[PDB]
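Notes for the one structure printed next.
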Amino acid sequence: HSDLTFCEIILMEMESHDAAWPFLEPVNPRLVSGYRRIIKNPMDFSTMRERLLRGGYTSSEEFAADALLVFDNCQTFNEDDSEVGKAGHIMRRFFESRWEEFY
Ligand SMILES: Cc1cc2c(cc1S(=O)(=O)NCc1ccc(F)cc1)n(C)c(=O)n2C
């Protein structure tokens with residue numbers, strides 16, 4: 001039980017982070033040219049939240065795979081010095097940081 005509890009804590013702290021604005025909702029491919037073609041498996045914090053409330057995470061590690069997917073997609077699509085990229089680096093470092101001081 002404590003596994004998914006810590007997932008709730010981490011996901012809530014990510015949802016409310018100052019750098020979280022790019023990842024709160026699915027990327028709108030109609031508005032981001034090329035995103036559909038470049039990113040095979042989109043992921044975002046609201047999709048993770050919907051899946052977590054609905055109970056659809058078996059382990060803490062599937063959760064961590066979805067978070068890492070958020071940041072891998074970010075680095076794949078955005079230059080490291082773009083605004084979304086800078087936000088994504090702050091969020092990724094925050095996630096690995098929080099994740100490790102649990103497990
Ligand atoms: C919020 C956001 C998150 C992103 C993103 C772009 C944006 S956004 O700020 O540009 N929103 C789309 C948009 C809005 C108005 C426009 F006129 C044009 C585009 N990318 C390229 C990503 O990988 N993530 C996660």
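Identifiers for the structure tokens are assigned positionally: chains receive A, B, ... in sequence, residues are indexed from 1 per chain, and ligands are indexed from 1 in the order shown.
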List all protein, DNA and RNA residues that have any atom at most 8 Å from ligand 1, counting only C-alpha atoms and all ligand atoms, and write the list as an mmCIF file with N, CA and C atoms, in the first residue's frame.
```cif
data_model
loop_
_atom_site.group_PDB
_atom_site.id
_atom_site.type_symbol
_atom_site.label_atom_id
_atom_site.label_comp_id
_atom_site.auth_asym_id
_atom_site.auth_seq_id
_atom_site.Cartn_x
_atom_site.Cartn_y
_atom_site.Cartn_z
ATOM 1 N N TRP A 21 3.963 23.485 -15.620
ATOM 2 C CA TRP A 21 2.988 23.935 -16.614
ATOM 3 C C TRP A 21 3.037 23.156 -17.929
ATOM 4 N N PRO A 22 4.186 22.712 -18.466
ATOM 5 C CA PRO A 22 4.135 22.017 -19.770
ATOM 6 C C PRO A 22 3.449 20.682 -19.650
ATOM 7 N N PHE A 23 3.498 20.036 -18.483
ATOM 8 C CA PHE A 23 3.080 18.640 -18.370
ATOM 9 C C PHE A 23 1.740 18.368 -17.702
ATOM 10 N N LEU A 24 0.936 19.402 -17.435
ATOM 11 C CA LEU A 24 -0.324 19.182 -16.726
ATOM 12 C C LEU A 24 -1.381 18.510 -17.600
ATOM 13 N N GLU A 25 -1.365 18.752 -18.911
ATOM 14 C CA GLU A 25 -2.363 18.219 -19.833
ATOM 15 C C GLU A 25 -1.670 17.614 -21.045
ATOM 16 N N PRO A 26 -2.324 16.676 -21.748
ATOM 17 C CA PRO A 26 -1.751 16.147 -22.992
ATOM 18 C C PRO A 26 -1.342 17.260 -23.944
ATOM 19 N N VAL A 27 -0.211 17.057 -24.609
ATOM 20 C CA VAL A 27 0.187 17.989 -25.648
ATOM 21 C C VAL A 27 -0.874 17.982 -26.735
ATOM 22 N N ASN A 28 -1.307 19.156 -27.130
ATOM 23 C CA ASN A 28 -2.269 19.259 -28.214
ATOM 24 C C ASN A 28 -1.546 19.199 -29.552
ATOM 25 N N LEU A 31 -1.690 21.915 -32.170
ATOM 26 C CA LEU A 31 -1.034 23.180 -31.871
ATOM 27 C C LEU A 31 0.483 23.091 -31.901
ATOM 28 N N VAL A 32 1.029 21.884 -31.907
ATOM 29 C CA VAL A 32 2.466 21.673 -31.859
ATOM 30 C C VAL A 32 2.817 20.907 -33.121
ATOM 31 N N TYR A 35 4.496 17.054 -33.477
ATOM 32 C CA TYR A 35 4.492 16.299 -32.226
ATOM 33 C C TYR A 35 3.941 14.896 -32.431
ATOM 34 N N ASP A 44 1.521 12.465 -19.803
ATOM 35 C CA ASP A 44 1.442 13.735 -19.103
ATOM 36 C C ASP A 44 0.932 13.465 -17.691
ATOM 37 N N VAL A 70 7.262 10.884 -19.552
ATOM 38 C CA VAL A 70 7.007 12.318 -19.696
ATOM 39 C C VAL A 70 8.304 13.053 -20.029
ATOM 40 N N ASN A 73 10.012 12.045 -23.499
ATOM 41 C CA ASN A 73 9.321 12.739 -24.583
ATOM 42 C C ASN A 73 9.726 14.207 -24.631
ATOM 43 N N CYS A 74 9.774 14.862 -23.465
ATOM 44 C CA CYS A 74 10.168 16.270 -23.423
ATOM 45 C C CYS A 74 11.533 16.491 -24.060
ATOM 46 N N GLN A 75 12.540 15.727 -23.612
ATOM 47 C CA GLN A 75 13.886 15.850 -24.177
ATOM 48 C C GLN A 75 13.942 15.455 -25.645
ATOM 49 N N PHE A 77 11.484 15.939 -27.893
ATOM 50 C CA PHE A 77 10.883 16.952 -28.750
ATOM 51 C C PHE A 77 11.472 18.349 -28.576
ATOM 52 N N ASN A 78 11.941 18.703 -27.384
ATOM 53 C CA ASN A 78 12.304 20.087 -27.090
ATOM 54 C C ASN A 78 13.807 20.234 -26.924
ATOM 55 N N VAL A 84 10.164 24.893 -22.715
ATOM 56 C CA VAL A 84 9.619 23.608 -22.297
ATOM 57 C C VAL A 84 10.749 22.684 -21.874
ATOM 58 N N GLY A 85 11.875 22.745 -22.583
ATOM 59 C CA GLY A 85 12.997 21.892 -22.233
ATOM 60 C C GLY A 85 13.574 22.244 -20.878
ATOM 61 N N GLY A 88 11.320 21.034 -18.337
ATOM 62 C CA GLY A 88 11.364 19.590 -18.263
ATOM 63 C C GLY A 88 12.576 19.095 -17.503
#
```
Exercise for review: Could you pull out the residues in chain A that DSSP calls alpha helix (DSSP H) from the backbone, as a PyMOL selection string?
Suggested key: chain A and resi 2-15+35-38+45-53+60-77+83-100
If you count only C-alpha atoms, the residue of A:17, A:61, A:42, A:80 closest to residue 99 in chain A turns out to be A:61
Query raised in the report: Skipping near chain neighbours, those fewer than 5 positions away, what residues fall within 12 Å of range 8-14 of chain A using only C-alpha atoms, listed as a ChimeraX atom specification?
Result: /A:1-3,19-24,44-53,55,57,60,63-64,66-67,70,87-88,90-102
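Here CA of residue 4 in chain A and CA of residue 40 in chain A stand 26.4 Å from one another.
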